Ligand SMILES: OC[C@H]1O[C@@H](O)[C@H](O)[C@@H](O)[C@@H]1O
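Numbering (PDB author numbering), first residue to last: 1 to 451.
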């Protein structure tokens, strides 16, 4: 037996996103977002599910905060719905939308919970999409004007700020694969969108500094460790390319002020040679108080000479792993290896785990309990590896469990449950899962026992 104890001031949190939990999609003057439009189009979401009602958090936030206080989370990461603030993306401010998040933040503080705000978690106002969306560079200024309203109203009571959540998913799934809003399918557009997402991050950070906000700001990137299939140089180079086309396409601009050259080479080979102003990468790499990342699984990559990419997943390795209800492999060591790479490659930054969690099939037993043993095991195993990285010198400051509530899992709808709290989407009843009660004790004890 060994006792696992995290650092004295370690921040234990849980995370949600506005569109995934709030509902009230057309109430109090809120403007239509691209995810309203995407969800209302048949064939885009599993089972025709929508985020129209979701968890109805807009009306039940007081119950959800009381649940947060029972579990004892020290920080709550949520996102603000831009179209609740500016229904047209710019123009007239909707005070009613503002007052919602002002109230929500105030009750969180009154309940001893530290708020942590994501400014952009994919709900772009549809009016801005009608003018090109993130393909239009003007949208990066509209985002900064919206951030200024939030910074002015909440900046000096919210200690932790995330500009963007997973720009790489917005780019890849929303603008190349087209399976996320706004449903666009064009490689060049998705790369222009990637740049403008990053540029809006840099503009918001610059504004954050110029407003002298007494808080910390960062960005939340989707990151995984990409393992080479072997120690042969061809597989290492293949995994390096895979990473630079995924999370490192955003990591390197943010922390080093340059796109990865090996990924640029590939896009040039495909016929796409990118050209952005010199100062754009300066702006993108504004110093940030921490780097934050969402991690769930790991990749395993092999050299694939006859393919266009030059690499492919090492399926013979991947089939040895257990999988979650999402079909993702479970490999806890991948979180240690990822944390150690962040610490090694980027000058030992302060690091925040803005999301970690797992989806499993949930069952409400005859006792009313949800005995989600596999979810507990996932979290405990991944947290053990995060603790290991801390012992080896990584400046990991916070851990946000995805998610507080079962919610709208984008194109999967309500078919995938990530919560430590079960939500019945027909009755809106909340039931804390056994994983929620486990986390409650982890927080109280600042860790757990390993047998
Ligand atoms: O797949 C589960 C989660 O993926 C995350 O990386 C996204 O930020 C969440 O919005 C989503 O619910």
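All C-beta atoms in this analysis are idealised placements derived from N, C-alpha and C, irrespective of residue type, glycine included.
Cα-Cα separation, residue 433 to residue 46: The alpha-carbon atoms of residue 433 and residue 46 are separated by roughly 24 Å.
Heavy atom of ligand 1 within 7 Å of residue 17 beta-carbon: Residue 17: yes, Cβ under 7 Å from ligand 1.
Every unbroken beta strand (DSSP E) within the segment 186-255, with a cutoff of 3 residues, ordered by chain: Qualifying beta strand (DSSP E) stretches, in chain order: 216-222, 226-228.
Residue nearest to residue 460 in terms of C-alpha spacing, selected from 142, 309, 353: Since the first residue shown for the chain is 1 and the last is 451, residue 460 is missing from the structure and cannot be characterised.
Counted within 10 angstroms of its Cβ, other Cβ atoms place residue 199 as buried (16 or more) or exposed: Under a 10 Å Cβ-count criterion, residue 199 is classified as buried, with 16 or more other Cβ atoms of the shown protein chains found around its own Cβ.
N- and C-terminal bounds of the beta strand (DSSP E) containing residue 422: Unbroken beta strand (DSSP E) run through residue 422: 421-423.
Test item: CB-CB of residue 301 and residue 238 under 8 Å: Their beta carbons are under 8 Å apart, which means residue 301 touches residue 238 by this criterion.
Cβ neighbour criterion (16 or more within 10 Å) applied to residue 232: Per the 10 Å Cβ criterion, exposed.
Every unbroken alpha helix (DSSP H) within the segment 65-124, with a cutoff of 4 residues, ordered by chain: Entirely contained in the segment 65-124, the alpha helix (DSSP H) runs reaching 4 residues are, in chain order, 82-85, 95-110.
8 Å contact criterion, which residue 105 and residue 158 should meet: CB distance rounded: Right, their Cβ atoms sit about 6 Å apart.
Within 8 Å, strictly: CB atoms of residue 342 and residue 351: Closer than 8 Å, so yes.
Alpha helix (DSSP H) runs contained entirely in the segment 274-305, provided each spans 4 or more residues: Runs of the alpha helix (DSSP H) lying entirely within the segment 274-305 and spanning at least 4 residues, in chain order: 278-284.
CA nearest to the CA of residue 83, picked from 391, 412, 95: Residue 95 is the option with its Cα nearest to residue 83.
Residue 402 CB to nearest heavy atom of ligand 1 below 7 Å: For residue 402, the CB falls within less than 7 Å of some heavy atom of ligand 1.
Buried versus exposed, by CB contacts within 10 Å (16 or more), residue 321: Exposed, by the Cβ-count rule.
Which of helix, strand or coil DSSP assigns to residue 176: When DSSP states are grouped into helix, strand and coil, residue 176 belongs to the coil group.
Span separating the alpha-carbon of residue 203 from that of residue 279: Straight-line Cα distance between these residues: approximately 12 Å.
Sub-8 Å separation of residue 3 and residue 339 beta-carbons: Taking 8 Å as the Cβ cut-off, residue 3 and residue 339 do not qualify as a contacting pair.
Proximity to residue 244 [Cα-Cα], best of 88, 68, 168, 128: Measuring from the Cα of residue 244, the nearest candidate turns out to be 168.
Residue of 294, 307, 421 minimising C-alpha distance to residue 382: Comparing alpha carbon positions, the residue from 294, 307, 421 closest to residue 382 is 294.
Contact under 8 Å by Cβ, residue 98 with residue 144: Cβ distance not < 8 Å, so residue 98 and residue 144 don't count as in contact.
beta-carbon residue 38 near ligand 1 non-hydrogen atom, thresh 7 Å: No, Cβ of residue 38 sits at least 7 Å from all heavy atoms of ligand 1.
C-alpha distance - residue 447 paired with residue 360, whole-angstrom precision: About 23 Å.
6 Å Cβ shell around residue 276 - same chain, five flanking residues per side excluded: By the criterion of a C-beta distance shorter than 6 Å, residue 276 is surrounded in its chain by 195, once the five residues flanking it on both sides are discounted.
Sequence-distant residues of the same chain with beta carbon closer than 6 Å to residue 332, five excluded per side: Contacts found: 381, 382, 385.
Candidates 417, 284, 329: closest to residue 258 by CA position: Nearest C-alpha to residue 258: 284.
Cα-Cα separation between residue 38 and residue 250, rounded to whole angstroms: Roughly 25 Å separates the two Cα atoms.
Residue closest to residue 111, alpha-carbon to alpha-carbon, out of 79, 74, 212: Looking from the CA of residue 111, the closest CA among 79, 74, 212 belongs to 74.
Short Cβ contact (8 Å threshold) for residue 205 with residue 170: Not in contact: residue 205 and residue 170 (Cβ atoms no closer than 8 Å).
Three-state class that DSSP yields for residue 328 in the structure shown: In the structure shown, residue 328 sits in coil (DSSP, three-state: anything other than H, G, I, E or B).
Host alpha helix (DSSP H) of residue 149 (start-end): 138-154 is the span of the alpha helix (DSSP H), which, as asked, contains residue 149.
Minimum length 4: unbroken alpha helix (DSSP H) runs contained in the segment 326-394: Counting only runs of 4 or more, we get 333-345, 373-391.
Bridge-paired residues (DSSP) for residue 398: As DSSP reads the structure, residue 398 sits in a beta bridge with 11, 352.
heavy atom of ligand 1 below 7 Å from residue 22 C-beta: Every heavy atom of ligand 1 is 7 Å or more from the Cβ of residue 22, so no.
Distance cut-off 7 Å: residue 299 Cβ against heavy atoms of ligand 1: For ligand 1, not one heavy atom lies less than 7 Å from the Cβ of residue 299.
Residues of its chain near residue 155, where Cβ-Cβ distance is below 7 Å and the 5 sequence neighbours each way are ignored: Only 211, 213, 215 meet the Cβ criterion.
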